[PDB]
Amino acid sequence: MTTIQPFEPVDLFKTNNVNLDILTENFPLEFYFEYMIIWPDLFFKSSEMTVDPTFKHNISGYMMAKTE
Amino acid sequence: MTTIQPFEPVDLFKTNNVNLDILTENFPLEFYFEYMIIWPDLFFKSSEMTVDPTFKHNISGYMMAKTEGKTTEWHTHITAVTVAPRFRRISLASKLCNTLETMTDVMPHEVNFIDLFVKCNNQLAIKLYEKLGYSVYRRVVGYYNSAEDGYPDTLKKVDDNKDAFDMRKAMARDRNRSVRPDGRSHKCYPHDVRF
Amino acid sequence: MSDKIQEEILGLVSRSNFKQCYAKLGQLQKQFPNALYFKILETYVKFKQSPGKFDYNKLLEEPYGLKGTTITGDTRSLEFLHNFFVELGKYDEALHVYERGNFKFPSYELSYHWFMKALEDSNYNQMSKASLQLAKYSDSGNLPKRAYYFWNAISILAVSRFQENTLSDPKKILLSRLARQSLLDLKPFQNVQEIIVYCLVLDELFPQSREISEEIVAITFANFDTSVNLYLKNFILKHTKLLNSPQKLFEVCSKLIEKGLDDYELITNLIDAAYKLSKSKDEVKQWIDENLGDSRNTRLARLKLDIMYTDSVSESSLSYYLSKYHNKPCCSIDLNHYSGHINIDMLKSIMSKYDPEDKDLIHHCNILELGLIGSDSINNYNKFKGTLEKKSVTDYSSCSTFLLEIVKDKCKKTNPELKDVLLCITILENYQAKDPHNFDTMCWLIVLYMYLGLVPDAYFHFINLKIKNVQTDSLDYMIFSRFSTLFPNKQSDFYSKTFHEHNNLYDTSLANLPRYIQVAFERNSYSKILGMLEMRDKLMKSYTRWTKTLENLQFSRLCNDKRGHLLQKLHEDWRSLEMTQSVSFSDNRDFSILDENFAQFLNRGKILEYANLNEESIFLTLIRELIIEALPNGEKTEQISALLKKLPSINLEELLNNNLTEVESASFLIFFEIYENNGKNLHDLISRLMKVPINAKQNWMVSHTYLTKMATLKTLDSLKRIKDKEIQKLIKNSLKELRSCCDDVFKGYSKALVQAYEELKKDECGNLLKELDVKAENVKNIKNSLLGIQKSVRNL
Amino acid sequence: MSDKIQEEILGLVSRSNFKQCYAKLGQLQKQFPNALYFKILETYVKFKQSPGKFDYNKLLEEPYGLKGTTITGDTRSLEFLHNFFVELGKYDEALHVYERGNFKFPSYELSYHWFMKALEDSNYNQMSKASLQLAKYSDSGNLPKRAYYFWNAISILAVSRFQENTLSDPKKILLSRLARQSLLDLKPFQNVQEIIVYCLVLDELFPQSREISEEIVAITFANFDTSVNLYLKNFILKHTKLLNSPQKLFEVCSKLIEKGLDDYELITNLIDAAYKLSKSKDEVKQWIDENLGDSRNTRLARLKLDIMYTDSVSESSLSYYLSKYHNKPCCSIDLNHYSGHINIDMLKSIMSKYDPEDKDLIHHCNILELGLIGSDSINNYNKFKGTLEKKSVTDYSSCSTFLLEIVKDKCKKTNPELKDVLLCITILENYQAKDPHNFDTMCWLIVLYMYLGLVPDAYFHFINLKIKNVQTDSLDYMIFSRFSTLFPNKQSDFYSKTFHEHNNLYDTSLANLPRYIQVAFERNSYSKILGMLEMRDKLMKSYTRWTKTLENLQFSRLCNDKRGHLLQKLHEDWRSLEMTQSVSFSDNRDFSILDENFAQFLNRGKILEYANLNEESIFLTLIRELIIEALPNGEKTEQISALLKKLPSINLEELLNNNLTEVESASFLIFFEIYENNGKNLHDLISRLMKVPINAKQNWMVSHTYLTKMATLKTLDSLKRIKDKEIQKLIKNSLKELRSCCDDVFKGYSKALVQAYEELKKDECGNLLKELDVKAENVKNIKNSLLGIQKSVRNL
């Protein structure tokens, strides 16, 4: 059951089930913060309402985009 | 006489007597740092107290490993083994491998087995690894393929110059669950080695 | 958005299109009146336009200096001020702004940014203050407060090892007390990494304290109940010896030995302990054998026992060791350590009792290296050369031991004859042709060619060594020393591919270290950090790192290549060294790869004069390079003025001849005379440079003197400040002969080798060559490489 | 220069300085006779001196209002006229001066200042006009002319989304056509942001057109050759469905999945398209498995395939999903969505077939949340409580759901007994000690302590949630609802640190939003602008913002603090709300954090009665604050008369009793009677306020009823217009009576809490605590918290 939510800085602790993927890049903290500062609305996550947040990480994916 | 010492980051300046060997890989500077950072305690060097460090590097070799997997597949992986030319054929290479066994069979690691990948053509390493009680678990087809070789498309064509042996020693805790006598017949793709 | 402007303003500054910049910043300043960041930007644009017109004090010191009252919490404003102050060499002000920024606007982020910035700057003091600020505001951080106290201790640890000169005697005790107490308050320790740092704090900051050694032994011994750690092994052994407790030393070694740790350091300290415990020799010997069995150490343990218990090695312990090791390559090393206690005739008798079938190649090598029989390397090689065809292609032949013995003996001569240098080369090449992976003979072939200046064939050899990564720091000196005057070929793979690739260590890996350094602190890998701290300091100061850059500046000068970019890195590299607050160079060159006494060899063996480089020679070359940049402006710089006062307070001319070649010294003196004296004495100085003889007997000096002459005169001819006619008459006239001679020298050099070949064929050289069962190689191939080298010279 | 002059006049103007103001303005008008600015400043000084003496029509409306003939292009005169008209509530006149200024003195600068002012005032109609003038004078601008037509289109979209009530139907059609035509003339589009704005104009302003849907599908489909954009994904999926073209929907979903987008919305629309194209179930399944592999979404795609092709989920698809997800938290959420198509006995059969070792804590939580077995939460908690000791400290505990089922069941009762609430607290405190970061149990603890009026114990948990920034708008209702009457302690960190820091969102970040929206326009970040406008509107209208402001005014009366700045801010915030042309409040509170069916829980659960605030309750509280401010002058204000006319047309006492507590309603009627009727019935209303019962069974209402009476009576005792000596004696006697009963009220409540405790150790409560292995803590903590509240209340 997927809802689309803003990506918050503290969600970087909750992305290991996405980011342990061999093709997914784990950027420096500074690079995630740059996207959050410049394009706060174009950094968002898919969250699964089927997964209790307390029990495990409910982030199923994310988008990082910019306007230029 | 060989004493076993922690490998210090600066020892990479003192490993030329080890690393000019045509078969020993000088990994990127990034790569050496990774192993110490995540798994500092298993990254150690063999030192000769007989060799004066003021005049010559006393490092006779060093061991690079990682621990991986979960539950039944929790194991230590032997990534690289080298011994300075002056100290070969005197069973130092066995000692480092045995030194892992004492170090990984106990807390905090308590690994179920130790594995390593060796080229199928490396009869010298193969006989060495067999002799300490490691057994071949499977043959990894195309493990060492270059970008030009591409991904192996079929398990039927095998090349002892290009395939690697998945070589395993089961710990007593594993009850030989992770080893098999017939593993030389079992073939897999490089992507099927996952932990 | 902050970033997007910064490149654009700097990119307009870098093109000197200043005029629009103030409009754009003014447009930003109307939009953002409160952003200090843009006010700092205004100063930075200001300074770049006319440094001597903008008052550094009025615009920077009062707002931002060591007493600056204008404090901002904007990380971007602080970062830009820092980089500006560093660019001015105001390294104390550069990090002072962060301390004041963090003092006025304390936050986890700002405390973290300050720690990271101080980390880049090698300011080991500033981490210790920065680390403490994180601990207070760790509640918003991602690591437990406990980590930051260890970070402070490691920062305190870092200062004491590398920056002790920065600490007053009262401060050291205070930091020593602070480090220990902050770690005490975190007990019990959670992991082995924490225990090591506490042990590290105690051992180095409280040396020789009886209580400290007792505490470390107690905590370390208790950890060995469950786990095995080699750092705790090292800590416990040191302090238990300091405790002079034979009982505890035996207990410690026994407990560690029973765990399966075959260690000679454990065995010796076990052996040392038992004697003081009056344990019988046989009791210790059996106990070691029972727990460790037959190993290299345990057989040698019998020898150590014999010396410790009877002051002589007994025949029984030696023979038992020798029974398995007499024909192992480690044998000579093991026994030479005990040479002082071993009767040579007793050893000689045993080595002669072995069967002729067991007296293999390695057995004879041990005989040779032990000095038990006179040198018979010629006959031994001929006896054992037949092993070369049966050994693995990847296996190293011990036959090199015999051939290198010949090679060293000829090379120990203070002044090797041209025939003598070729004689070694001829011997080694046919062996390398049979032993292509033997680096021992290969390096000498490498070394011998460079002395003759025949770089291309040695480079043919270097590529097979597959030198990469850290080996470039320790091994490149054989071929990248003075490259600008040995082989100035920009199109050769030697420079374009090999030299370029070897620089990646210094240009990319060195830059990358802080990000790796950061993670280790966050990953609590503290035990490696202090060794990890060491690498960078050596790497900036690395003899190879500095030499290659300075030689490349001369090479880029000789080739008339653009040097504006090259100097900027040099100034950045110089600034990076200065911020460390300890200006020195680090000799990382591995001379031990060639010979065991090579430290003795360097000062006496002309074979390595081409590689003879010291700190003084490195420092002198830098000053020459820094001068060259100032020459077009013709002003004396405080930077040069400060450095020249750091040179030894002697008359200049002796210092040069002691660290530089005669031609380099004569060139060096010339550059000062325009800089210091506006060039009054160039007429005599140029004449002296020209008089320096270029003779066919100087080997590598043939190329070196020619190209040093070429590089100097071209630089002067390019120097638009020289207006005096008659000096200009000589400069262009001097160049004119230099181009003319370019071929006269090379033929004489080309002529000289051929007679040496004829010398080699005859007399002592040829008769050994018949004895060697090796036949002299073909002169023309050597001639072509020289005539290739000669071809390169004309095209210059 | 101007701003210092304004500050000195206005600086004087805060005091007013009428004589010195006129002397200074008279000098400035002599120096600058043509500067309209100093004449406008003189009119403002006049109005501030004696509002009712200056003819608004003659001095402002006739020269500068909607029919004004006095037009200026001076930006300072326009900004000061705007701010003056806003202060007068003349919002149409405020931006009209810029429109007239720009008509007479057209410039890029004046059009840009007008656009920026219209953005600050939320006047999207005037932003649309200003953007067309920017396009007309763009040759002196920093952006290409095309940008200002996108700014016009976004302004028209903002009017249509947020201010549709301001548009007549013919004007709506005209603006829609103008927006579409102006963007059509700019093809080809230069970037994806321009395509997004064009698609937004088409989708929102031209609903239900087939031609529009064909145009949006054509432009979006071509962009997917080169890029992947999530806005274009949403447009193409929406409009391909509206076109009812299964073929085109299949092509779109396939192309995006082949680009590597695992998206369940793509997969579901692909399945729906494939079914309509008569593709076989196995073809669609195989194509999904080949292009996306094994994911949560592809396993759930098999359930969607079973539903679309067979109306029921098969055992094979369900067993395949459950094989990886039966012990994943999301499992119950995933299957509950399909509950109408899953056979429950089949699901129970599959869930029971797993090995006892694979039936982990999660698996048992999923069984409970799926309703497959009766509630066995006590035995399930006892089976898995040993996992609390093994988890990472930072991981949240699995067993909490079992305890939250028990707490939710007890709290669903329409009137939970004091023992049932203390039982829930005792269970949750003992659990929170073992799972310290579990925010679900921490949120329930905060709400249960707040229901008891134990604000210090609620605050102890609330600080551990680390609520900051935007979360303060959605979560602060849990502890700051009615704070002026629950815990009036100004010296506590609750108010001095937490409440003050939490206001920075409204005082700093909200005030900065117009700037960030301007930079979004300038950077062409067009896709976010309408959402940034909505975010600003929601924060301006926030229930939490307005409630905190009104409660702080009441708290400042209760503490005898200065209120002039808070009242000034209330009037500025109210004018800012009136400028939106849609005076309403926005409920941004996240109630879903406590339960999913929370909306049903608010209507039934007395547990959140303290936080039960609606738009009418905020509006009535605002009217009460404005009444209290007007009381000292004794004049009826047009503002209060306009606000009272916006209330529902019911009896005022019925309206109050439906939206406020009985004591809040009685307090309102008291202030309203003084305002409307000069206090004729004030004796009976004060007597009614005193009759509102303060009983020990009322929980949070004990402090609330006491402090609302105290705040009312203290406000009356300060009111100089109450001249009747009998009424003044009544107020003082009621204050004395209320202070005298404080200790007996809080001692009565303390005795009730103690008794309810002792009941926890007995019967059903004692058995449940024993079954859970939960110790009833010491009542001492409760008693101390209530005594701290009692001391704070008694000191007023």
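What counts, and where the lines are drawn
Residues numbered from 1 in each chain as written, not as in the entry; some residues may be left out. Chains lettered and ligands numbered in written order. Part of a larger assembly, values for the part shown. Heavy atoms only, no water. UniProt positions renumbered as here; feature names shortened; annotations may be inferred. Buried < 20%, exposed > 50% of the residue type's maximum accessible area, 1.4 Å probe, protein only. Helix = DSSP H or I, 4+ residues; strand = E, 2+ residues; numbered from the N terminus. Pairing = 2+ DSSP bridges. Salt bridge = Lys/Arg side-chain N within 4 Å of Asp/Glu carboxyl O. Contact = heavy atoms within 4.5 Å. Buried area = accessible area lost by both parts, 1.4 Å probe. Polar contact = N/O pair within 3.5 Å; in protein donor to acceptor, adjacent residues only side chain to side chain. Patch = residues over 30% accessible without salt bridge, like charges linked within 9 Å, V, L, I, M, F, W, Y side chains within 5 Å. Areas by Shrake-Rupley, 256 points an atom, 1.4 Å probe, with all protein chains shown as cover. Axes fitted to C-alpha atoms, helices over the stretch in contact; angles between N-to-C directions. Expected span 1.5 Å × (residues − 1). Parallel < 35°, antiparallel > 145°, perpendicular 65-115°, else oblique. Left-handed = near helix turned anticlockwise from the far one by under 90°. Nonpolar A, V, L, I, M, F, W, Y, C, P; charged D, E, K, R; others polar.

- In the PDB header, cryo-EM is given as the technique by which the entry was determined, and 3.8 Å as its resolution.

- Its UniProt record gives chain B a comment under Subunit, which states: "Component of the N-terminal acetyltransferase B (NatB) complex, which is composed of NAT3 and MDM20."
- What the UniProt record of chain B gives under Subcellular location is the line "Cytoplasm".

1. Some thoughts on the pairing of strand β1 (residues 2-6) of chain B
Residue and element names in this part refer to chain B.
Turning to step 1, where the next piece is worked out: Buried residues dominate β1, accounting for five of its five residues.
Turning to step 2, where the next piece is worked out: Of the pairings in the sheet, the one linking β1 to strand β2 (residues 44-48) comprises five bridges and is antiparallel in character. Paired with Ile-4 across the two strands is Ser-46, which belongs to β2.

2. Quick word on the pattern of salt bridges
When charged atoms on two side chains of opposite charge get close, those side chains can pair.
Turning to step 1, where the next piece is worked out: Within the structure shown, the criterion is met by 95 salt bridges over all chains.
Turning to step 2, where the next piece is worked out: Measuring nitrogen to oxygen at the nearest pair gives 2.5 Å for the salt bridge that ties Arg139(B) to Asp160(B). Of this pair, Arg139(B) sits in strand β6 (residues 135-140) while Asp160(B) is found in the loop between β6 and β7 (164-170), placing the two residues 21 residues apart along the sequence.
Turning to step 3, where the next piece is worked out: Taking relative accessible area as the criterion, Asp160(B) reaches 38% and is therefore assigned partly exposed.
Turning to step 4, where the next piece is worked out: Beyond isolated ion pairs, a larger network of salt bridges with shared partners links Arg180(C), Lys187(C), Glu211(C) and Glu215(C).

3. Some remarks on the interface of chain D and chain C
Turning to step 1, where the next piece is worked out: Each partner contributes residues to the interface: chain D has seven residues there, and chain C has eight residues.
Turning to step 2, where the next piece is worked out: Between chain D and chain C, roughly 600 Å² of surface is buried when both sides are summed, and carbon and sulfur atoms account for 36% of that area.
Turning to step 3, where the next piece is worked out: The largest contributions to the chain D side of the interface with chain C come from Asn142(D), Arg515(D) and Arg523(D), which together make up 60% of the buried area.
Turning to step 4, where the next piece is worked out: If you look at where chain D meets chain C, you find zero salt bridges.
Turning to step 5, where the next piece is worked out: Taken together, the links from chain D to chain C amount to four residue pairs in polar contact.

4. Details of a nonpolar patch on the surface
Residue and element names in this part refer to chain A.
Turning to step 1, where the next piece is worked out: Residues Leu-29, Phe-33 and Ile-37 make up a contiguous nonpolar surface patch of roughly 280 Å² in combined accessible area.
Turning to step 2, where the next piece is worked out: Note on placement: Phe-33 falls in helix α2 (residues 29-38).
Turning to step 3, where the next piece is worked out: The exposure class of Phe-33 is partly exposed, given its relative accessible area of 32%.

5. Things to note about the sheet that holds strand β2 (residues 43-48) of chain A
Residues and elements named next belong to chain A.
Turning to step 1, where the next piece is worked out: Strands sit in the order β1-β2-β3 across an open sheet of three strands; the sheet is antiparallel. Because the sheet does not close on itself, it has two edges, and the strands there are β1 (2-6) and β3 (59-64). For this sheet, the mean inter-axis angle between neighbouring strands, taken without regard to orientation, is 25°.
Turning to step 2, where the next piece is worked out: Here β2 runs beside β3; their pairing, made up of five bridges, is antiparallel. Along β3, the bridge assignment pairs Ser-47 with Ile-59.
Turning to step 3, where the next piece is worked out: Sitting on the sheet, α2 is in contact with β2 and β3, with an inclination near 70° to β3.

6. Notes on the environment of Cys199(C)
Residue and element names in this part refer to chain C.
Turning to step 1, where the next piece is worked out: Note that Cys-199 resides in helix α11 (residues 192-205).
Turning to step 2, where the next piece is worked out: By relative accessible area, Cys-199 is classed as buried at 0%.
Turning to step 3, where the next piece is worked out: Expressed as a C-alpha distance, the spacing of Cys-199 and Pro-170, which sit 29 residues apart in the sequence, is 22 Å.
Turning to step 4, where the next piece is worked out: When residues no more than four places from it in sequence are discounted, the contact partners of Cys-199 are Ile-216, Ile-219, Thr-220 and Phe-235.

7. Examining the arrangement of the chains
Turning to step 1, where the next piece is worked out: Interchain contacts are distributed over four pairs of chains, and the most extensive set of them lies between chains B and C.
Turning to step 2, where the next piece is worked out: Separated throughout, chain A and chain B approach each other most closely at a C-alpha pair spaced 11 Å apart.
Turning to step 3, where the next piece is worked out: Between chain B and chain D there is no contact; the minimum C-alpha to C-alpha separation amounts to 13 Å.

8. Focus: helix α13 (residues 230-242) of chain C
Residue and element names in this part refer to chain C.
Turning to step 1, where the next piece is worked out: End to end, α13 covers 18 Å across 13 residues, agreeing with the expected 18 Å (1.5 Å per residue, within 8%).
Turning to step 2, where the next piece is worked out: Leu-230, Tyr-231, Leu-232, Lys-233, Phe-235, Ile-236, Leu-237, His-239 and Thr-240 are the residues of α13 that are buried.
Turning to step 3, where the next piece is worked out: One or two positions beyond α13, positive phi appears at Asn-244, with a value near 45°.

9. Points about the packing of helix α6 (residues 91-104) of chain D against helix α8 (residues 124-136) of chain D
Residues and elements named next belong to chain D.
Turning to step 1, where the next piece is worked out: Here α6 crosses α8 at 20°, and the two axes come no closer than 11 Å. When the axis of α6 is compared with that of α8, the two are roughly parallel. In this structure, α6 crosses over α8, and the sense of that crossing is left-handed. In contact with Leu-95, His-96, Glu-99 and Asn-102 of α6, α8 contributes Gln-126, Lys-129 and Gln-133.
Turning to step 2, where the next piece is worked out: Its residues assigned to classes, the contact of α6 with α8 comprises one nonpolar, four polar and two charged.

10. Quick word on the side chain of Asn223(D)
Residue and element names in this part refer to chain D.
Turning to step 1, where the next piece is worked out: On the secondary structure map, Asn-223 appears in helix α12 (residues 210-223).
Turning to step 2, where the next piece is worked out: The class of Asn-223 is buried, set by a relative accessible area of 11%.
Turning to step 3, where the next piece is worked out: There is a polar contact of 2.7 Å between the side chain of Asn-223 and the side chain of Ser-227.
Turning to step 4, where the next piece is worked out: Apart from residues no more than four positions distant in its own chain, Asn-223 is found in contact with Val-192, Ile-195 and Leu-232.

11. Notes on helix α34 (residues 564-579) of chain C
All names here are of chain C.
Turning to step 1, where the next piece is worked out: Here α34 contains 16 residues, and its C-alpha end-to-end distance of 23 Å stays within 8% of the 22 Å for a straight helix at 1.5 Å per residue.
Turning to step 2, where the next piece is worked out: Three or more residues of α34 are buried, namely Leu-566, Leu-567, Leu-570, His-571, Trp-574, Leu-577 and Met-579.
Turning to step 3, where the next piece is worked out: A positive backbone phi angle near 60° is found at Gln-581, which sits one or two residues after α34.

12. Quick notes on the interface of chain C and chain B
Turning to step 1, where the next piece is worked out: Across the contact, 58 residues belong to chain C and 46 residues belong to chain B.
Turning to step 2, where the next piece is worked out: Interface area for chain C against chain B, summed over the two sides, is near 5,000 Å², with a carbon-plus-sulfur share of 61%.
Turning to step 3, where the next piece is worked out: At the junction of chain C and chain B, the tally comes to five salt bridges.
Turning to step 4, where the next piece is worked out: The salt bridge partner of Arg86(B) is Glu369(C), with a shortest N-O separation of 3.1 Å.

13. Quick word on the packing of helix α36 (residues 615-630) of chain D against helix α39 (residues 662-677) of chain D
Residues and elements named next belong to chain D.
Turning to step 1, where the next piece is worked out: Between α36 and α39, the shortest axis-to-axis distance is 10 Å and the interhelical angle comes to 45°. Considering the angle they form, α36 stands oblique to α39. Our pair here, α36 against α39, has a crossing hand that is left-handed. Residues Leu-620, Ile-623, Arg-624, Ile-627, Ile-628 and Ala-630 of α36 pack against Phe-668, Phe-671, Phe-672 and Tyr-675 of α39.
Turning to step 2, where the next piece is worked out: Taken together, the residues of the contact of α36 with α39 break down into nine nonpolar, no polar and one charged.

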